[PDB]
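See structure below.
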Amino acid sequence: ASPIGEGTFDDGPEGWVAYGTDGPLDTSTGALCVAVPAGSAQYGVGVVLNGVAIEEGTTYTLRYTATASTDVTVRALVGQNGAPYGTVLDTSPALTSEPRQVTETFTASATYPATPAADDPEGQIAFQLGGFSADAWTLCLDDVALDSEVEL
């Protein structure tokens, strides 16, 4: 129904938001580069993007290429915003001074409806940058696409 702009960020980060750092995030190039503070030592830094379309135990392919000036290894995945809650992804996005593309097929065992309401929650992506690298570093993605296996 409503993906996250199947593609990179060559014209706006769509809905990718980041918090716990300096000002908002900057793109103007085709990659979401956020300024992560030194070893993000504090409440914890992160980035959230609400607006996903998952349902029951369906298939899905997460595609994203992140690159942090440093070799930071934070955590990335997906889940539901509001009870009964339900996470489908559980991995750690490693980063380095080089481009790190990511492509995997996981079975979303939950439901992320694209309708933020008082009783009807939804689902999004979680990028936790709270306490991960040592000195100040950053994250630069540029190709986020999510879809269910509808080929057959």
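No lab work stands behind these numbers, since they all come straight from the coordinates. Because the Cβ atoms are built from the backbone with ideal geometry, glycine has one as well, and the counts that use them run over all protein chains shown.
The table that follows gives values for the structure above.
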item	result
Debye, to nearest 20: dipole size of the chain, +1 on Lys, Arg Cβ, -1 on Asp, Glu Cβ	480 debye
Spin-label pair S28/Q42, simplified geometry with 7 Å Cα→Cβ offset, distance in nm	2.3 nm
Cβ crowding within 10 Å averaged over residues, with 89-98, 51-60 ranked highest first	51-60, 89-98
Calculated Rg and Dmax of the stretch 52-105 using C-alpha coordinates, Å	13.2, 39
Interchain or long-range residues, amide H under 5 Å from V45's placed H	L129, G130, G131
Taking the convex hull of Cα positions in the stretch 27-152, its mean projected area over all directions (nm²)	8.6 nm²
HN-Hα J in Hz across the stretch 13-27 - Karplus 6.51, -1.76, 1.60, θ = phi - 60°, x for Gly and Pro	x, 6, x, 4, 10, 10, 9, x, 8, 8, x, x, 9, 10, 10
The stretch 81-114 residues near the modelled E149 label - backbone nitrogen below 17 Å, point 7 Å along Cα→Cβ	89, 103-110
